[PDB]
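In: When you get a sec, could you give me coordinates for this:
(chains A, B, C, D, E, F, G, H, I and J, ligands or ions: 2)
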Amino acid sequence: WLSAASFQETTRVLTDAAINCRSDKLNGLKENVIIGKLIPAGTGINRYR
Amino acid sequence: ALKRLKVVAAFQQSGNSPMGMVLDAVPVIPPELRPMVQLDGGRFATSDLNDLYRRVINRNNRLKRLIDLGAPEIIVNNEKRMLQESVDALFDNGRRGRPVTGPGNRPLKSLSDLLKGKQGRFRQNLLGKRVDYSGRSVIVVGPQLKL
Amino acid sequence: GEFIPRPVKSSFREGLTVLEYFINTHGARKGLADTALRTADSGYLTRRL
Amino acid sequence: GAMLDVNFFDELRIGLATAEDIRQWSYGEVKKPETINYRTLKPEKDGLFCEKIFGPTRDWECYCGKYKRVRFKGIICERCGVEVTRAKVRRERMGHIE
Amino acid sequence: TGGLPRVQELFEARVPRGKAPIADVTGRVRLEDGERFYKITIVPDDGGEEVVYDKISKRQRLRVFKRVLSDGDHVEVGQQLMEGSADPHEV
Amino acid sequence: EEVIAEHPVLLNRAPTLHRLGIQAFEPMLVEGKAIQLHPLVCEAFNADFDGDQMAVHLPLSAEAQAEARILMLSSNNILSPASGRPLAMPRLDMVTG
Amino acid sequence: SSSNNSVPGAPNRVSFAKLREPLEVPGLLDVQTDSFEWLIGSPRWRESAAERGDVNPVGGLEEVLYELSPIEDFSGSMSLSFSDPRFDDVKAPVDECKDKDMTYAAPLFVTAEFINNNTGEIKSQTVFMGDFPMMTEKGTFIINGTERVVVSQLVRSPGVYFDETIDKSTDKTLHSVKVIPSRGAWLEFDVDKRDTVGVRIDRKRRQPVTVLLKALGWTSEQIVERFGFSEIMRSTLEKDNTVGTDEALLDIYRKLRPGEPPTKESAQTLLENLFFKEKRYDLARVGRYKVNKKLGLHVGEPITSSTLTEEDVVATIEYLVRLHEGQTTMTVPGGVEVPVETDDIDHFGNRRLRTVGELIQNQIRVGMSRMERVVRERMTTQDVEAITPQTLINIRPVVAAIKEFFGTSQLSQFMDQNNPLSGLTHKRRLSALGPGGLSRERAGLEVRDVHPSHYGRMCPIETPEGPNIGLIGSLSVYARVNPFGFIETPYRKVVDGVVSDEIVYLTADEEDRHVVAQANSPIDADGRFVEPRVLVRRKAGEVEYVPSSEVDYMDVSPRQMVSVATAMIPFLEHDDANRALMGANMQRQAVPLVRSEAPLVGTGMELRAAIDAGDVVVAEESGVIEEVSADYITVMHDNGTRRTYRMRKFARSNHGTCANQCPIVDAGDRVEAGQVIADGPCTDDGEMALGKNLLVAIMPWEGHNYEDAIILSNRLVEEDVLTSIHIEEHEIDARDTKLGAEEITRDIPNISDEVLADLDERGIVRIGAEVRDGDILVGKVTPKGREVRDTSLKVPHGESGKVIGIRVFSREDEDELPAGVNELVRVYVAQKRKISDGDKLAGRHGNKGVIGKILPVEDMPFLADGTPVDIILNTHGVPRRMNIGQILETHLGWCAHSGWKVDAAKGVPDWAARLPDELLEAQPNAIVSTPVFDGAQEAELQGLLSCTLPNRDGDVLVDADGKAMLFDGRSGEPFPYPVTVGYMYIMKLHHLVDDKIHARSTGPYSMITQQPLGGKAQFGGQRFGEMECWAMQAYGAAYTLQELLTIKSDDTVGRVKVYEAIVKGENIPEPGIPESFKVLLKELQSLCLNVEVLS
DNA sequence: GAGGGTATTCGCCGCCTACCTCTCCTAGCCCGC
DNA sequence: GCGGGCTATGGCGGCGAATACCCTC
RNA sequence: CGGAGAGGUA
Ligand SMILES: [Mg+2]
Ligand SMILES: [Zn+2]
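Out: Numbering: from 1, shown residues only, chains lettered A, B, ... in the order given. Ligands and ions are numbered 1, 2, ... in the order given. Next comes the structure:
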């Protein structure tokens, strides 16, 4: 619900997510960029980092 | 029934009552995130959020006085409607009815406007930043350089 | 978008007359307008992709 | 789960807020439509900028002036009621309107 | 459409524009000629049932597959009868 | 002159349509107030010299410098990721000569 | 042969033109100057209208007053009226206002008479209506000491328009009509896809037309009497399902005023008040004229109405019903014949021009309406026999409206003062975007087009290049605006196949019913075309070969469609439209050079352009110069009177350039009225001079002029050929402050006297001092509660120069200061800028580029005689961009500089047969002119290149092809092949590299989102956007991206720790949590959403 | 008059990036000094 | 009498949902 | 350095 709210239609996404009580398992490029964490790709994968 | 069941199952599966749609209290954002500045000389120009909070507070206090002192049902109902409208405009100004406009006939920036659009929080502050150790200048061709 | 059946009959070495220049300005400007519209249109598609 | 934050994030959850949650977030109530005074250039009380709700406006100081040093750390003012802490607290604390 | 709008509608999986019907079962067709409407009936080789489209406007041409589409001609399962762009959701 | 030795720099031109819009070079001080761009990276940057401008970034930490030196160095990026054709190829005056 | 034989003291610039100009170019500021004297009703406008509009000469203010008055109460027992507006002398001269800060305005008075309708007592007074901003002689307004230009607005003329569309479902051609009023309510009449004519009064339900037809008083008898020949008209009543006059009225009320008693009287009031009274509906004079012209109602009675009428509203229906069918003619009863047809909404007959006068009139009108409401309110709450005109009038709304228009409008624009041409071009702009026009994004590609109706009224070339493409235009050269706002262009009447005199001004609407010919057409002074066929714009701008007996008019000159700036490009017809647009726009960006020099290959539109711009000084009256100095000229008139002109030296323009006037006459010369007596910023002998003549080569060179880069010699720097002066303006004031009182003085604590060496007794720096980046210009201290806090003015980063002037306004000297201040000290610093690497240059043909390198003058290609070239331009840029005009300009510039002599020993050569005398021979450094579309042919250029004079010895350095044999200054060997050389005209654009260089490591930060600030003026940092993030993610570089987004931008502790680590030899710490995520969390919580982070 | 099937119209959502310069943020009116 | 503070009918395409018009029971 | 409007460069 955090990657969809930054793309389009923030109000609708937020209001539906709040009703469905969705939990965000932060795993993605955009989400890790937003929360200031190493992206899971390239030199940020476990075998490399 | 498909859409009705969508919403009803959404509210049934989790321990989330549908009573959160009707509000009894209204949170207030911290002041340093809605600051008020002064133009040249020392004259303060109000922010949009402060004006909407002020309207809601005024309406709430006046309705409270009217109810406490006792009054005909019409006045109390009218004031409750005017409080409902103010609270609606606080969260989302312009969704229903005429936008609450400030000086110069321009709609105010509600709390919802902070999150939406190309100038909203996300696409202006979280997906892009202003970074130190950077500069800018015009480019010219150096033929003696190496790749 | 239709062709002018005249047509323009002088090269830019010789020098176009006044009417030839005026009827050339049409296509000259339509291209720039379309270019602005297209640069506006492409970024949205790239972001969606 | 983690209050402010601090890394080792695992999930970010969202949901509707009940009146109890909204009253628990708030450090006080706003019940006067006054933002700031012009003569003293200070926030009013029970307004939208109150220092007894959102936090001190000067590091380790009180609107009373009773305590204006770090030695008076953590004590809630006995005269004005403003807690003595750093001014950054105004970016965090919230209030509510009943 | 033949440019960036065409790309946008391809990636958006929208109904194209000049949507051309596509057969759903191999069989011959009793092509009919009329103004503002063309009746194309799918006569399957098995003969179970015959699908038909009579709303085809005369403006659009008939696709040339294998000779132009003609009366009483067998067609494949996915052959596009008319000319234009097929709708992705039907293929 | 000693401090800036062997310290890569990131140059960027807007719009950044593709990946090669940011590349890492090595700084050598010159005379003037303009940036001197190697002629073979213009196609990658889609840049010209009729008034264009560019930004400059400096990676600080060891990981950032290693990334600049190995991943983003200009001499290691000669082929287009989209198609594989070379992009540091000679053009215009070089082709004529 | 010469260019300007009318101006008394003009240079003898010879021309290649072959065609005579019947008419002289009008004044280039007449629109702005005339539309305002119409507003104030000056005697000059009255005289102008006498020989034209003597029937009813009324000014804007008079018209507004007459329309407003009389103001009477409901009972009609009293009245108030206005008349005879009057202006007094301006309070201060233009220079005084521009210096102090006052607005250039004069008092306005009106005679107000109050009449009591039951006692007969009449009381009259002269009521002051406020200060009225006045227009300077140059067409500008000084508002708060700043010059401004009120741009003209293109808008859609009010009237009735019919349009056509194709129905997708049934392929039926649905029609429509819309009555567009001024300040009124809309009224549509559609034909939908069921053959049911309907109405959409305002934005209500689609009521059938028969509803309103009957409600107006008609019956089925009359409805079928006039309507009925259309099947749909009768079918409308057949299936109306409603009938009755009162029934119809109550239906209209049900659709108009929901929720109130539907009474017949109330419906009458509502309807005939919305659409017929006087004040809710105003078609206006232009709207009434257009409606009468379209619906063929009257061709007689002078327009004396501004309201709708039954005949018009029924003629609209008749027109629509006839239109839908196939009819192509109608004659409404008691009306002249008129065809049936749709209306093109882009035509220049269907869109008029709102000039400065009309806009100001509209604003005054709204202010007067507010005042009228106030006066009517107060006219019933005050006792009789105590009311006087002064006791009811409140001027506040009018002054407020004037202030708001002149300060907060999209048409009142800051004037452009880069050079003389930019301001003149600004004063002649036509914009479509404004309060009442299109939108910069919602506007389509059909309003950004070149319409055939624009030929001779709007220039098709000079438009912006970005989002405003097609929305801002420029008025043409010979064009004028008529009383109703429709632009007219001159034409030369041709009679019986003879191109005669007596120019007549036409409009687009009128011009659409004639055939006009091309100006550059063959005529033989006998009124008979030499050639058989001539291209002519047939009806809809369709150029066609046509018989010579059909032509009805002729263009005045072959220079009629272009604007002023586009008319200064020589060999314009050899350049493509894109590059011509680039060059026309770039001519307005050139900076004034320290010394100006006129071109050698100009066009001719440079003397009038300079004189009309008004930056030169023109002698008021003829006389003999008495004493001429650098600061003042004194003409001793022919009647014993002396008038001393004062020259403004080293002044500052709105854009930081330097304005400097220099006399060009001697102490014994005799001058004539209208003669140029001094020069301006970009003028040389009274002609525009925006650049310099340089010797150019057209070869590639070592890859330094690669991809539009340029190579310059070092002579242009040593000799100051392209040097310019710029001026900055630093201002600081001392307020009263809540703290209380602040002073400017040398007493700055903690600073030694050494730093304050350049400071003086008062506090300001000494004139003639040198200031560098960081230096006290005005030393002060403010007690922030000693508490004295030094907030002294400093030289901005990257600034330097010399302090050349200081202005200080003191409250003690009863100055016109703002509220709450005491001092307004101001400073000026000026510095000369030489051409450097990174500066932008360009010609007049869209050939732009930055300076790649500045070679030493030793290793430069030099001619056989030893003369180095000045500039080198690459070969690969020309043939691709279709701007070959620069090469022809170079050839002709070489011919002009070298001087020539055609050898007509035995007859003039056939290539010089049509070459005017005085052009068969020239001396070195001769100045010539090639008009924009009628100039030098290629054969003439070849011939002139074939015969040029030797330099000192009998050597011709450039051969017939125009190419010389150069030498390699870097190696010494001669280049294997010859090169093209010559003189072209180069300008220095206002895009210097000193203004575009910026760097940062740390500094000011934002407060809410704790990120660096944006801008070169508060240090600020470059922004790492979203596509750069995509690129960094595609590289697979996680750590650089993380550091960029965390420790360089908004990680408060991280920034300080990183700085402390780098300054020392430590290693960079780990990044933390950004600061823009916590703000988002708080906002989401404030929206009543329980957001939490779960471990 | 309710049902089910069509049409029809209205509201909302979306519409590239980076940088530079310049001017202005209510009106009325009631109380206080 | 003047100043300061308090209050009160020139986008357009896609799409879905809230609702006109007509045959059936 | 917060907002609105105007103009401009790539
Ligand atoms: Mg460029
Ligand atoms: Zn206290």
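
In: Tell me how many other residues crowd residue G:78.
Out: Using other C-beta atoms under 10 Å in any protein chain shown, residue G:78 has 20 other residues around it. (C-beta placed from N, C-alpha, C; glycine too.)

In: can you check residue F:80 too?
Out: Using other C-beta under 10 Å, residue F:80 is surrounded by 15 other residues.

In: Thought residue F:87 was touching it, still the case?
Out: Yes - contact status for residue F:80 versus residue F:87: in contact at 5.3 Å, counting by C-beta atoms under 8 Å.

In: so what sits against both of those two?
Out: Taking C-beta atoms under 8 Å, 6 or more residues apart in numbering or on different chains as the criterion, residue F:80 and residue F:87 both touch residue F:20.

In: Outside of stretch G:765-780 itself, list whatever touches it.
Out: In this structure, residues lying in contact with stretch G:765-780 by C-beta under 8 Å, 6+ apart are G:730, G:732, G:734, G:742-746, G:748, G:755-756, G:758-760, G:763-764, G:790-806, G:825, G:827, G:829.

In: before we move on, what about stretch G:430-450?
Out: C:22, C:25-26, C:29-30, C:33-34, C:37, G:151-155, G:346, G:353-354, G:409-411, G:458, G:460, G:467-475.

In: swap the cut-off to 7 Å and go again
Out: Here stretch G:430-450 makes contact (C-beta atoms under 7 Å, 6 or more residues apart in numbering or on different chains) with C:25-26, C:29, C:33, C:37, G:151-155, G:346, G:353, G:410-411, G:458, G:460, G:467-475.

In: before we move on, the earlier item: give the ChimeraX command for selecting the buried subset of the contacts of stretch G:765-780.
Out: Remark: buried members of these, expressed as a ChimeraX selection using 16 or more other C-beta atoms under 10 Å in any protein chain shown:
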select /G:730,732,734,742,744,748,756,758,759,763,764,792,793,794,795,799,801,803,804,806,825,827,829
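
In: Just the ones in strands from the contacts of stretch G:765-780, please.
Out: Using DSSP state E, G:730, G:734, G:743-744, G:801-806, G:827, G:829 are the members of those that sit in strands.

In: residue contacts, the nearest residue to residue G:764 once chain neighbours are set aside?
Out: Excluding its sequence neighbours, the residue lying closest to residue G:764 (C-beta to C-beta, 6 or more residues apart in numbering or on different chains) is residue G:806, at 5.1 Å. With contact set as C-beta under 7 Å, 6+ apart, residue G:806 has these partners: G:764, G:767, G:825-827.

In: same check, this time on residue G:209
Out: G:189, G:197-199, G:236, G:317.

In: Would you reformat these as CSV and include secondary structure and neighbour count?
Out: Converted to CSV, the contacts of residue G:209 look like this (DSSP: H, G, I helix; E, B strand; the rest coil; neighbours: other C-beta atoms under 10 Å in any protein chain shown):
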residue, secondary structure, neighbour count
G:189, coil, 24
G:197, strand, 23
G:198, strand, 18
G:199, coil, 21
G:236, helix, 22
G:317, helix, 20
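
In: quick one: which of the residues you listed is nearest chain F?
Out: residue G:189 (48.8 Å; C-beta to the nearest C-beta).

In: Surely the closest one is in contact with residue G:196?
Out: No - the criterion here is C-beta atoms under 7 Å, and residue G:189 misses it with residue G:196 at 11.6 Å.

In: give me the number of residues near the closest residue to DNA strand I within chain A?
Out: Chain A approaches DNA strand I most closely through residue A:9 (10.4 Å), counting by C-beta to the nearest atom of the strand. Neighbour count of residue A:9, defined by other C-beta under 10 Å: 12.

In: for residue B:139, same thing?
Out: The burial count for residue B:139: 23, using other C-beta under 10 Å.

In: And the helix or strand hosting it, what does it pack against?
Out: Using DSSP states H and E, residue B:139 sits in strand B:134-141. Applying 3 or more C-beta pairs under 7 Å, 6 or more residues apart in numbering or on different chains; DSSP states H and E, one finds that strand B:134-141 contacts strand F:35-37, strand F:53-57, strand G:848-854, strand G:998-1000.

In: quick one: strands adjacent to the last one?
Out: What it means is strand G:998-1000. strand B:134-141 (antiparallel) (DSSP bridges).

In: One more: the second one?
Out: Taking DSSP bridges as the criterion, strand F:53-57 sits next to strand B:134-141 (antiparallel), strand F:9-12 (antiparallel) in its sheet.

In: Find out how far that strand is from the centre of the chain, if you would.
Out: In terms of C-alpha atoms, centre = their mean, to the nearest Å, the centre of strand F:53-57 is found 10 Å from the chain centre.

In: Using CSV, lay out the helices and strands packed on strand B:134-141 together with distance to DNA strand H and mean neighbour count.
Out: Shown next, in CSV, are the helices and strands packed on strand B:134-141 (distance: least, C-beta to the nearest atom of the strand, whole Å; neighbours: other C-beta atoms under 10 Å in any protein chain shown):
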stretch, distance to DNA strand H, mean neighbour count
strand F:35-37, 15, 21
strand F:53-57, 7, 19
strand G:848-854, 16, 23
strand G:998-1000, 6, 18
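
In: Any figure for the gap between residue G:82 and chain E?
Out: 60 Å (C-beta to the nearest C-beta, to the nearest Å).

In: My error: substitute residue G:974 in the last question.
Out: From residue G:974 to chain E the distance is 53 Å (C-beta to the nearest C-beta).

In: on that earlier part again, bridging residues for the residue nearest to residue G:764?
Out: Applying DSSP bridges to residue G:806, the residues it is bridged with are residue G:827.

In: Need the helices and strands packed on strand B:134-141 in TSV (columns: distance to residue G:449).
Out: Below are those laid out as TSV (distance: least, C-beta to C-beta, whole Å):
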stretch	distance to residue G:449
strand F:35-37	38
strand F:53-57	32
strand G:848-854	26
strand G:998-1000	40
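
In: mind checking which of these is nearest residue G:326?
Out: strand G:848-854 (55.7 Å; C-beta to C-beta).

In: Contacts for that closest one, please.
Out: B:138, B:140-141, F:49-51, G:586, G:704-705, G:708-712, G:714, G:717, G:835, G:837-842.

In: where does the residue in chain D that chain B sits nearest to fall, phi/psi-wise?
Out: Residue of chain D nearest chain B, by C-beta to the nearest C-beta: residue D:16 (3.6 Å). Residue D:16 has phi and psi values of phi -70, psi 150 when expressed as degrees, to the nearest 10.

In: That concludes my questions; thank you for your assistance.
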